[PDB]
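Presented as structure tokens, the chain that follows is alone, the form deposited in one PDB entry.
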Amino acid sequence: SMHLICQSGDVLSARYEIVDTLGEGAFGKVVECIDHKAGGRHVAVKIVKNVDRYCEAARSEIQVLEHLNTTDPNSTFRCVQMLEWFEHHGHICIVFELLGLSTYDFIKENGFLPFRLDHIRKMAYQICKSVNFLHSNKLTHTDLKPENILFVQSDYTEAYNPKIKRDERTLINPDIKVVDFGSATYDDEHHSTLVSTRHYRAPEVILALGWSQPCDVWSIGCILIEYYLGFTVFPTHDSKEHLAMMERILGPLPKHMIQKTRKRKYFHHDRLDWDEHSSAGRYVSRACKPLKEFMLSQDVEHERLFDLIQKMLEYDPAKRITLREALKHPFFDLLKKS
């Protein structure tokens, strides 16, 4: 039914002409449109599947963006601006400023290669500033991932970089914004037991110990390592394998978190019940590595990045670095006068 109303040429709300699809999910899709009542300006419209789960998420997102766009009308803190919302043939549609590619599509279309370190630095700072602003307003985003970070403009120059032997796309401007506030939760709201997309899920979430702001910090840690590597660090759908991956990369989970989890399935007597010599086990041993072994250079800037990531990927949420502390980290010094 959604395909009936989201095609090129369609006009929504007697105003917005659909050009093309920007992205799709189980929530619905986002299409680029020409706004004929605003001079031809292109915008992005999110058309939400007509399903209670996703409908409530959209009403929720509207609430949250009205708050944030009011607090921060100039978008100093880099949340996407919502321009309008409306109903179209029973579907909630939310209009946003049009942005560039997500950091995920860019990596994908560039052959799954990493970003340059100086871009990672600017991007990381903006992500941390943005989400920290959410945290100031008693909000957790809960679904941070590279699909939900978008370049403001994804214009690029090309050069034959013979370090790979292939034409290369290089970002002109690495500014980003954060999108997708339909899972965002206030400190006082009910916290659902399963949040975040699998690969960016914090261990307190997987183990169902409760969560709040710190789980975003774990997500940002994952995002940063993917920017550095150009691939997903926890490419698994299974929770136990995910936990095994964490151990191979970050070492054993804290005894005290294991004792507390309602998810007894995953464990035996204080250790993860994981057979290293199994098929999946041997894959994890050879693929996954201790964090620091992923570094591509001993150069101090690389070390600095990896120190920050390590602190974002602290298992115990109570000990995990906060974004307020993260913004003062030495990795970011190169962005400041002195």
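Numbers follow the displayed sequence, beginning with 1. By rigid core we mean the largest C-alpha set that fits within 1.5 Å across both forms.
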Inset, instruction - Look up the CA B-factors in the entry and say which stretch, 30-38 or 59-67, has the higher mean. - result: 59-67
Inset, instruction - Going by the average Cα B-factor in the PDB entry, point out whether 179-187 or 155-163 comes out higher. - result: 155-163
Inset, instruction - Tell me, please, which of 46, 277, 292, 304 has the highest C-alpha B factor according to the deposited entry? - result: 277
Inset, instruction - Can you pull the Cα B-factors for 238, 216, 97, 118 from the entry and say which is highest? - result: 238
Inset, instruction - Classify residue 284 as lowest, middle or highest third according to the C-alpha B-factor given in the PDB entry, relative to its own chain. - result: highest
Legend entry - Modelled-residue ranking by C-alpha temperature factor, third containing residue 267: highest
Legend entry - Within-chain third of residue 123 by Cα B-factor, per the entry: lowest
Legend entry - residue 254, C-alpha B-factor rank within chain (lowest, middle or highest third): highest
Inset, instruction - Consider only the C-alpha atoms of the modelled residues in this chain, order them by B-factor as the entry records it, and name the third containing residue 226: lowest, middle or highest. - result: lowest
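Although it is not shown, the form deposited in another entry is what the next lines describe.
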Legend entry - Listed options 113, 195, 249, 207; Cα moving by 2 angstroms or more between this form and the one not shown (core superposition): 195
